[PDB]
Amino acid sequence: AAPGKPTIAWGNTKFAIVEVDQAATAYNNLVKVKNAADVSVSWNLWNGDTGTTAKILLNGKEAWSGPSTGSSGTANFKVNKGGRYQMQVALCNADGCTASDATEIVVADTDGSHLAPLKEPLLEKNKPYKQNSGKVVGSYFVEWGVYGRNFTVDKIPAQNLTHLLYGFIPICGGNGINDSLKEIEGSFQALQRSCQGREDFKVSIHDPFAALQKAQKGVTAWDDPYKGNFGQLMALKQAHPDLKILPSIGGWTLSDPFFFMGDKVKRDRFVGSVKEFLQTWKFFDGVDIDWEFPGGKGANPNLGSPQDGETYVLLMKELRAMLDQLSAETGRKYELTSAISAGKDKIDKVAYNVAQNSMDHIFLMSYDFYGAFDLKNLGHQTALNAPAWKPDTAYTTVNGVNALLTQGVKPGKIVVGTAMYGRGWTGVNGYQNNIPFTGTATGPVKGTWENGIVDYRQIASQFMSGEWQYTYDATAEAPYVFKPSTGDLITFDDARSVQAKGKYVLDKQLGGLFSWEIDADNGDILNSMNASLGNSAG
């Protein structure tokens, strides 16, 4: 007689190759990379002979075997590839093998190979597009948007993007290194806790709870090895294998450490830590560098040096050489990109015609041209062109594109930015010829989340009725709303200015469009990016 049929013992079924320690706040303790998951299976034999060999099978294939020595047994073995496996215990003797019923086990890896695909329906006004224009359609998802903004990875209209940027991955450093974070309550202290025992100038995760642990759709079971934004991005990657998901390093409040990378010791340490970050988190497809800005004039008034352009070029070159190596080891295509000032004065601090040789795309931040940071000089915050009243306006999309083109940047590298938010002023007064921009303001407009800034969702839903005047400036390619009684003025992108930008990209053979930030759109802005770049509906 063959052995009796074993019964798998109840026990944990989810294991991880990269493990997240559930009680640690320092990135170095939080994340344990192993060569393989340590899997454990037990069984009982309730009827028959226990056989002479016990085997654990994963989809029929032996991962462990040993002597079958009693009515119950335990196998501890390593599994080096992620997935969901039909596991069985089989008991064998000379007369045959008898296999248990299959139990599914999870062997988690950060490519999301153990996860069901996160395929969610489009929400709000989002309509389906195919990505067939061959142009970039990008947007940023922000890590902290899962809190007050309540906008999670399952709400991303992912089929409508080619590029999804994760803002932001910080670089470790305390006093003197990340001083700009101190302007945000608790933010500098959160980074120091995350970076404790970790060298300055290495990357980390700013909010490991939101990134890895917060229950979210598809990752709510307590034993799920990855949860939060990363666990959902892994599952999104299963649903959208051609979507490029890039970690964005820097941004407004996390750019200070770039200013030190003229020291090759620090720069080498940074690049090596980026490599390790991509080996650890396999769902990411490259790296986006958002250094605001070489030369300074970013958040920190004390940083910026004439050397920064040279540092930037060297950095892009070294990141490229690291990515070409990773790409060789893995067989994957990795991308290197950068979000950059669209102001000619910042553009001319960098030789982009040299750095473009290392880079896949340049995200031109053709927005924030004007806003409540200047109450005196009012203007269109994200316009294509100068307006009729001031044809020599410095800060326009076209002036940034032409600055790059004049350096000798190739048109196909350049991705034009659109805003999914408005900036505005209150108390605008002293304007002439019915153009509020010719006046001056007394303060910022009341914002959705902070003063002077309104989600595109709120503009469309609250500010396109009642007393609000609406004008589309067809010279600048720029809409604006104005409430004269309070003097509230908001400058923003809408479906039409986005269509102008998209048409311009096609005419000038540029690379495509990107937007900041995805949670703020109701679908109008992203629908228009897709349509205007010539993506097919459906």
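Note that residue numbering follows the sequence shown and begins at 1.
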property	result
Stretch with the higher entry mean CA B-factor, where the candidates are 476-484 and 39-47	476-484
Per the entry, higher mean C-alpha B factor between 422-430 and 268-276	422-430
Top Cα B factor in the deposited entry, candidates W468, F209, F283, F151	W468
Which of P170, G262, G447, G138 ranks first by CA B-factor in the deposited coordinates	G447
Relative C-alpha B-factor of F293, binned into the chain's lowest, middle or highest third	lowest
Chain third (lowest, middle, highest) by recorded CA B-factor, residue given as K155	middle
Chain thirds of CA B-factor: placement of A1	highest
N522 by Cα B-factor - lowest, middle or highest third of the modelled chain	highest
Within-chain third of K182 by Cα B-factor, per the entry	highest
